[PDB]
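Remarks on the structure that follows.
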Amino acid sequence: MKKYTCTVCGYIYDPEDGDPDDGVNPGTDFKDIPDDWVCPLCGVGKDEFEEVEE
Ligand SMILES: [Fe+3]
C-alpha cells in the first residue's frame, strides 16, 4: 500500500496509520477511502492527492 500526498498542503496519507478520527481505519488503501473524505489538514478533496512512487 502506497502513501499519497495532498498536493495542496503536503499532508501524507499513510495507509498503515489511516485517518481513524475521520473514520478511515489503519490498513485502508487510498482508493478505498470514501470519496467524500477530505485532507485532515487543509480540507481539499481526494482529487488533489497524488501517489507517492519512489
Ligand atoms: Fe491538504
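Nothing fancy with the numbering, it's 1 onward along the sequence. Reckoned from all heavy atoms, side chains included, excluding hydrogens, waters and symmetry mates. First listed ligand is number 1; within each ligand, the first listed atom is number 1.
Residues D19 and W37 bring a donor and an acceptor atom of their side chains to less than 3.5 Å of each other.
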Query raised in the report: What's the verdict on side chain to side chain contact (heavy atoms under 4.5 Å, CB included) for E50 and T5, showing C-alpha distance, side-chain angles and the deciding distance?
Result: CA-CA 5 Å; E50 304 192 318; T5 199; 5.7 Å; no

Query - Verdict with reasoning, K46 to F30, per side chain to side chain contact (heavy atoms under 4.5 Å, CB included) - result: CA-CA 9 Å; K46 292 181 83 188; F30 195 77; 3.6 Å; yes

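Relative to the six-membered ring of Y13, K3 misses at least one condition, a distance below 6.0 Å or an angle of at most 45° to the axis.
Among protein atoms, those of element N, O or S found less than 2.8 Å away from the Fe ion (ligand 1) are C6 SG, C9 SG, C39 SG, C42 SG.
Taking the side chain as every heavy atom from C-beta outward, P40 and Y11 approach each other to under 4.5 Å. Using a 4.5 Å heavy-atom cutoff, the side chains of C6 and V44 are in contact.
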